[PDB]
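Taken in sequence, the protein lines are chains B and A. So the first sequence is numbered by the authors' numbering: it starts at 2 and just counts up by one. So the second sequence is numbered by the authors' numbering: it starts at 5 and just counts up by one. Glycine is no exception: its CB is placed at the ideal position from the N, C-alpha and C atoms.
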Amino acid sequence: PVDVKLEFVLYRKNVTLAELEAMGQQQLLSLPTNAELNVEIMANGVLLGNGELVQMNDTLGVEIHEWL
Amino acid sequence: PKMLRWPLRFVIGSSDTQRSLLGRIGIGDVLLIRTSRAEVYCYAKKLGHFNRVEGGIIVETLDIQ
Ligand SMILES: [Cl-]
């Protein structure tokens, strides 16, 4: 009975036609050192919360720092 | 007029859950990434994959449609 797709978003950025061209190459986009400590968690479009990337046993996940 | 923007998401994962198991979720709970990716999205379109490096991100061949 599964409804929703949760998305784990490391980084978002609004981007210009210029900066778009520059990435079609292989030019580096600069993330802070601290990106993995605010991974946005998005359901079908909307932002639900935010958290640090964690590893439990086999899998990866996001320990929730803030929510709804 | 070239004052245009595209909103990009750097997605590292997906998980299918039940709309009814949140907000049973609160702070401290771990949500697991069942499907693991490194794709770039613009709205629904996937544009291509990306590699995380010490500076941030480098993107492989990125689609433009
Ligand atoms: Cl898919």
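First through last residue of the beta strand (DSSP E) which encompasses residue i
i                : result
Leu66 of chain A : Careful: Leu66 of chain A lies outside any beta strand (DSSP E) and carries neither H nor E.
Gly30 of chain A : Careful: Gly30 of chain A lies outside any beta strand (DSSP E) and carries neither H nor E.
Chain-ordered neighbours of residue i on chain A, where CB pairs are closer than 8 Å
i                : result
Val55 of chain B : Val34
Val10 of chain B : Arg13, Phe14, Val15 and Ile16
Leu38 of chain B : Residues of chain A passing the Cβ test: none, with the nearest at roughly 13 Å.
Beta bridge counterpart(s) of residue i as assigned by DSSP
i                     : result
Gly52 of chain A      : A:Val44
residue 78 of chain B : Any answer about residue 78 of chain B is impossible in this case: the structure gives chain B only from 2 up to 69.
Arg13 of chain B      : A:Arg13
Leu36 of chain A      : B:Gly62
Chain-ordered neighbours of residue i on chain B, where CB pairs are closer than 9 Å
i                     : result
residue 93 of chain A : Residue 93 of chain A falls outside the range modelled here, since chain A spans only 5 to 69, and no answer is possible.
Beta-carbon neighbours of residue i, restricted to chain B and to distances below 8 Å
i                : result
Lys6 of chain A  : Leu18
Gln22 of chain A : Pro2, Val3, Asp4 and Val5
Runs of 3 residues minimum, wholly inside the segment 20-66 of chain B: which ones carry the beta strand (DSSP E) assignment?
40-43 and 48-57
Assess, as a yes-or-no matter, whether the segment 56-69 of chain B is touched by the segment 17-27 of chain B under the definition of 3 or more beta carbon pairs within less than 8 Å.
no
Answer yes if the segment 26-35 of chain A comes into contact with the segment 7-14 of chain A, meaning at least three C-beta pairs across the two stretches below 8 Å, and no otherwise.
no
When you compare the segment 33-51 of chain A with the segment 17-25 of chain A, are there three or more beta-carbon pairs, one atom per stretch, that lie closer than 8 Å?
yes
Inter-stretch contact at 8 Å, needing at least 3 Cβ pairs: the segment 38-48 of chain B / the segment 52-59 of chain A:
The answer is no - the segment 52-59 of chain A does not touch the segment 38-48 of chain B, with fewer than three Cβ pairs under 8 Å.
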